[PDB]
């Protein structure tokens, strides 16, 4: 019943402003993961991501409208299989979208023929799906993995209960306080990171798969970070990558993506299998970390900028954003990139299933504010968690000079002589 567009008609529609090509597959296949063993992973050039699993969520229509997909547009759906687009095509028709067509020949006609344009996340192999993690712990052959030593880490902030309430089988928990000091809220000393990483069984040659569990943080609680598990996992990914771990993966979406895939969980308290040595100088990637002295230089140079990954009430100085940060204000000269509702949510960088937002939508918003890969960018926030997530998103894009200003507003405001702004800009 649904209309069909031929491959030649779709090739002619490429570049039109009225046409919207929508990838129905998962975000990981959209990012570049070859989920069905295709010769070439990714999406049709110019396509948007709207996974079919979002149909069971009542915000589907709001997600579509938020992506500015209007009924005036010619909708072209595709996936690994045209029958996988039948449910989405019907839902579009039931909501006032009359021009809905299904592209039947994406796999293997578009994937196998390199003459057809395809785009992908340049560093997608660091944003692993749940199926990849399951194959890793099962000893099965998986793509984008050529190592022999791995470890799955469940990140949390003074909350082992986040690990004991349910985790990936065989995984071990790492409190974020093991890699960052509560005094400076920055990354720890190399000697401290060396001891901490070794005691958790992590070497530089180890493939560390990091993930966290979202447990709905509340700003009024004592330690809301204990529920922002996935932000801490990306925060720990930044520190480990800065330390010298070469193969660091992050589970796209966190713990929920594991359970949403139908994989069982474990509640065991897995003991740590320590390693005698880390095996590399810490830090082996010093470029990833930027401190306050270098941050002030980047504010003065047109070659560099700092990206304020904070919430709007924090940016205008209405609130500090934390129950342990006294001063309220913003660093002058930094480019504002709103993170989300408060300091413990990343709505502007995530989907409703906590997977990373469509990376094309992120770089377009960043481009409108001057945040471009041409510059050396040091993302920051209150202490570094939200800045690390935005930094990881840019690193997945392949940006050559992205860093994290570790000190953030906390270190900046701890000095009374540092300038600061307030109110609406």
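Numbering follows the first chain given and starts at 1.
Undergrad: Would you tell me which stretch averages the higher CA B-factor in the PDB entry, 399 to 407 or 13 to 21?
TA: Per the PDB entry, the higher value belongs to 13 to 21.
Undergrad: Averaging only over Cα atoms, indicate whether 66 to 74 or 28 to 36 has the higher B-factor in the PDB entry.
TA: The entry gives the higher C-alpha B-factor average to 66 to 74.
Undergrad: If you check the C-alpha B-factor for each of 386, 43, 376, 357 in the entry, which is highest?
TA: Answer for 386, 43, 376, 357: 376, with the highest C-alpha B-factor.
Undergrad: Kindly indicate the residue among 226, 113, 266, 147 with the greatest C-alpha B-factor in the PDB record.
TA: Result of the comparison over 226, 113, 266, 147: 113.
Undergrad: Going by what the PDB entry lists, where does residue 117 fall on CA B-factor within its chain: lowest, middle or highest third?
TA: Tercile = highest for this residue's CA B-factor.
Undergrad: Taking the entry's C-alpha B-factors for this chain, is residue 167 in the lowest, middle or highest third?
TA: Lowest third - that is where residue 167 ends up once the chain's C-alpha B-factors are sorted.
Undergrad: Place residue 232 in the lowest, middle or highest third of its chain's C-alpha B-factors, as listed in the PDB entry.
TA: Its C-alpha B-factor belongs to the lowest third of this chain's values.
Undergrad: Which third of the chain does residue 243 land in by C-alpha B-factor: lowest, middle or highest?
TA: Bottom third by C-alpha B-factor.
Undergrad: Divide the modelled residues of the chain into thirds by Cα B-factor and specify which third, lowest, middle or highest, holds residue 6.
TA: Lowest third.
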